[PDB]
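Fold and geometry: a report
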Amino acid sequence: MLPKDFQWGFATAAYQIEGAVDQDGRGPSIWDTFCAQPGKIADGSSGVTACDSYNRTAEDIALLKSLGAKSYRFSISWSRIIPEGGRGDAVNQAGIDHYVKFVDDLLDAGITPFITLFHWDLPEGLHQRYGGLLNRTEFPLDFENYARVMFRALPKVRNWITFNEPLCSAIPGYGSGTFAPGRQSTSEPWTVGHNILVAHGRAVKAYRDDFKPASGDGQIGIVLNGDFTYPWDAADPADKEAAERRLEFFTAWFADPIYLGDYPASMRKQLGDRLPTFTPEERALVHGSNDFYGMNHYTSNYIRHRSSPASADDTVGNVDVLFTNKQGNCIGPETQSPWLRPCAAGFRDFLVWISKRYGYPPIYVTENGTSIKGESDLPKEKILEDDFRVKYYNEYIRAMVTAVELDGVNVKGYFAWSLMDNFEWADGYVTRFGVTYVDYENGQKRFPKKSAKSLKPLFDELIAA
């Protein structure tokens with residue numbers, strides 16, 4: 001049994017699905033720029049058309065009703081709202097009107113919106129003007145303004161997310177250079193993470209002070225990813241330590257400041273002066289800034305300690321991240337994503353880890369899902385019979401249930417990533433995470449896969465009353 005008010009649905013992100021990249025006054029994001037650069041996207045694609053969801057809102061809502069979703073998690077493209085991005089820049093009324101209409105249409109359908117303000121698509125103008133996410137002074141001020149514009153425009157919304165997966169904005173974006181804006185630095189990821197946390201805190205303070213509804217059901221929080229860890233050699237205290245330290249670098253990086261008031265000591269030890277120090281003002285903003293814990297989770301790994309000190313290029317916490325352990329056991333089967341091996345037990349375990357470290361917060365699992373190896377090469381009929389994905393959902397959802405029932409974890413909602421196949425960042429369109437097939441060659445036509453239909457009967461069995 002899950003509580004009667006448990007919310008479930010599907011998730012998407014604006015740049016992954018919307019298309020219409022220059023329609024109705026939209027300014028370029030750092031992702032539009034990145035895709036234009038050679039060798040960044042595996043299939044040489046971009047979000048130019050994607051699923052054309054910007055132009056197919058009625059169809060997307062009808063699909064959500066068809067599948068029985070209670071809620072829908074999606075993001076706002078900042079550059080549709082303020083094309084240049086800053087607090088002194090012109091606001092694009094057309095972009096605001098689009099999202100206002102969309103939210104109205106969702107609520108008229110009886111589906112609750114869960115809205116992400118920042119899903120990696122920083123307006124290119126802010127990146128050029130002042131170094132974007134790198135600027136400790138300017139980025140938080142412009143993010144807060146953007147947040148205020150959206151809070152003011154969408155007063156019927158009750159569920160807000162500031163940032164989706166800041167680790168992905170920071171490490172791939174400024175560490176390895178694999179995601180936009182494609183920079184490579186031993187310091188920049190830590191600078192970026194800090195500015196995101198401050199930006200987040202400013203936005204939450206603005207929400208709480210000036211916009212939260214009298215009805216009291218308004219809530220705001222950040223969304224953090226994090227895959228679970230198991231020691232390579234469980235009998236080696238060093239591997240136990242290494243597995244814990246890995247979680248700290250992945251997730252506590254963000255959640256420790258938010259719940260506990262500072263960065264993980266292990267990060268401070270390794271990173272030294274490369275990791276910023278909160279001022280009293282910044283700590284006041286960041287400490288206590290989550291009304292709920294937003295959780296993205298996909299996989300687990302075995303973690304092995306290293307015999308030497310960490311290098312400056314290290315971002316994982318000086319450990320080997322592996323798919324096999326000392327006994328030759330394997331985490332899970334291959335998917336199309338080299339990093340993703342299904343391991344339902346790790347989902348239960350991650351929920352408990354968060355709960356124990358952060359005082360049993362209310363948790364929304366804002367992303368969970370899988371790709372299927374070679375899915376895009378399959379004939380249509382075979383893509384639609386996505387048994388691998390059906391099983392992924394069945395097992396992961398049951399693991400979540402175990403965490404709720406036995407471990408007492410306070411899970412409030414669950415969102416399947418994704419409602420439809422979409423632009424999977426540096427993978428392009430080859431990697432499919434959708435419960436819905438999208439035939440990009442034939443006008444982005446949609447076809448629900450087996451997994452899309454499987455979630456309602458599953459949740460109807462679980463959700464009480």
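Cut-off values and rules
- Residues numbered from 1 in each chain as written, not as in the entry; some residues may be left out.
- Heavy atoms only, no water.
- 1 Å grid on protein atoms, 1.4 Å probe; cavity = no way out; pocket = protein on both sides within 12 Å on 5 of 7 lines; lining within 4 Å.
- Points joined across faces, edges and corners; volume = space filled by probe spheres on them.
- Helix = DSSP H or I, 4+ residues; strand = E, 2+ residues; numbered from the N terminus.
- Nonpolar A, V, L, I, M, F, W, Y, C, P; charged D, E, K, R; others polar.
- Buried < 20%, exposed > 50% of the residue type's maximum accessible area, 1.4 Å probe, protein only.
- Pairing = 2+ DSSP bridges.
- Axes fitted to C-alpha atoms, helices over the stretch in contact; angles between N-to-C directions.
- Left-handed = near helix turned anticlockwise from the far one by under 90°.
- Contact = heavy atoms within 4.5 Å.

Structure determination for this entry, per the PDB record, employed X-ray crystallography and reached 1.63 Å resolution.

**Details of empty space enclosed by the protein**
As enumerated under the stated definition, the model contains 3 cavities of 30 Å³ or more in all. Its volume calculated, the largest cavity comes out at about 110 Å³. Contributing to the lining of the largest cavity are 15 residues, with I17, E18, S53, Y72 and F102 lying nearest its centre. Counting only elements with at least two residues in the lining of the largest cavity, the list comes to α1 (14-17), α3 (57-67), β2 (71-75) and α5 (93-108). Looking at the lining of the largest cavity, its residues break down into 8 nonpolar, 5 polar and 2 charged.

**Looking at the pairing of strand β3 (residues 112-118)**
Taken across its 7 residues, β3 has 6 buried, putting it largely inside the fold. For β2 and β3, the ladder comprises 5 bridges, and the chain directions are parallel. The partner of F74 across the bridge, within β3, is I115. Taken together, the 4 bridges between β3 and strand β4 (residues 159-164) define a ladder with parallel strand orientation. Along β4, the bridge assignment pairs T116 with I161.

**A few points about the packing of helix α7 (residues 138-153) against helix α9 (residues 188-210)**
Interaxial distance between α7 and α9 falls to 8 Å at its minimum, and their mutual angle equals 35°. As α7 packs across α9, the resulting crossing turns out to be right-handed. Contact residues: α7 offers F139, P140, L141, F143, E144, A147, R148 and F151, while α9 offers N195, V198, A199, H200, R202, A203, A206, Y207 and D210. Grouping the amino acids of the contact of α7 with α9 by side-chain chemistry returns 11 nonpolar, 2 polar and 4 charged.

**A few points about the environment of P257**
By the element assignment, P257 lies in helix α10 (residues 237-260). Given the relative accessible area of 1%, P257 is considered buried. Remark: the alpha-carbon pair of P257 and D60, spanning 197 residues in sequence, is separated by 37 Å. Ignoring sequence-local partners within four residues, the contact set of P257 consists of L197, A252, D262, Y263, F278, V286 and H287.

**Describing the sheet that holds strand β5 (residues 219-225)**
Read once around its circumference, the closed barrel built from 8 strands follows the order β1-β2-β3-β4-β5-β7-β10-β11, with strand pairing classed as parallel. Each strand axis lies, on average, 25° off the axis of its neighbour in the sheet, ignoring direction. Here 5 bridges tie strand β1 (residues 7-11) to strand β11 (residues 411-417), and the two strands are oriented parallel to one another. Bridge pairing links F10 to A416 in β11. Contacting β5 and β7 (293-296), α10 runs over the sheet at an angle of about 155° to β5.

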